[PDB]
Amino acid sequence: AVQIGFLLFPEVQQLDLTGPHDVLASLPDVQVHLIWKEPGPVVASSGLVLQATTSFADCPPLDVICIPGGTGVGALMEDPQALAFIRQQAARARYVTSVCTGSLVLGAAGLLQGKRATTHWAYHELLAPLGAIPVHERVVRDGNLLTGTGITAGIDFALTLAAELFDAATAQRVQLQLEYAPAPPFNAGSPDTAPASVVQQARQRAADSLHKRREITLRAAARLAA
């Protein structure tokens, strides 16, 4: 059975996790884990309550690890227990993946040093100090590392993982079973396509968070320099 694990942390952006979870849980011979320090309730940034299924110590060796993003990323970038767990699992995993600001956690763990990667558009400047080669593309692969942008990046790259772990026909079957064919009613999902006025509103609303994450990123980078 393929072992797939998601890190589930307080103030996660739950859709970053719940999207790929439902797709990958549709596959035969897959066991999916929601990992935190102990099993039990974890509250997402919206207030949605999720349940972690396993502790760090009890988690099996994973074939796929996925780090979601969210508000809670800032704390996770300076959580030595979480970072050590991610490094341990990444050593032997077939795929190391992240959604949105989850790539900043991979960066804090030292797993982006010399690697091409992306993250959420408003935080993209934080990749270079963590040793990454920043790339402005929605899905960036570098060896066994996949980083994706967008709250639903994990749905799309879950279909890629299904095709590689199984075969294309299996991925196509899951897509059809889920009738997955998105058609957004607006075209404002990138700072390159949204109106300039909207980009300004979004940048101003992210400014306090970016300021705090500049400070955290520099401390995380200092630990990597040691």
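The numbering used is simple: start at 1 and walk along the sequence shown.
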{"query": "Mean temperature factor over C-alpha atoms, higher-scoring stretch between 81 to 89 and 102 to 110", "finding": "81 to 89"}
{"query": "69 to 77 or 139 to 147, whichever carries the higher mean Cα B-factor", "finding": "139 to 147"}
{"query": "Peak C-alpha temperature factor (PDB record), options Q177, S55, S46, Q51", "finding": "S55"}
{"query": "Among modelled residues of the same chain, the CA temperature factor third for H120", "finding": "lowest"}
{"query": "Third of the chain, ranked by Cα B-factor, where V23 sits", "finding": "middle"}
{"query": "Modelled-residue ranking by C-alpha temperature factor, third containing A222", "finding": "middle"}
{"query": "Assigned third (lowest, middle, highest) for the C-alpha B factor of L161", "finding": "highest"}
{"query": "Lowest, middle or highest third - CA B-factor, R214", "finding": "middle"}
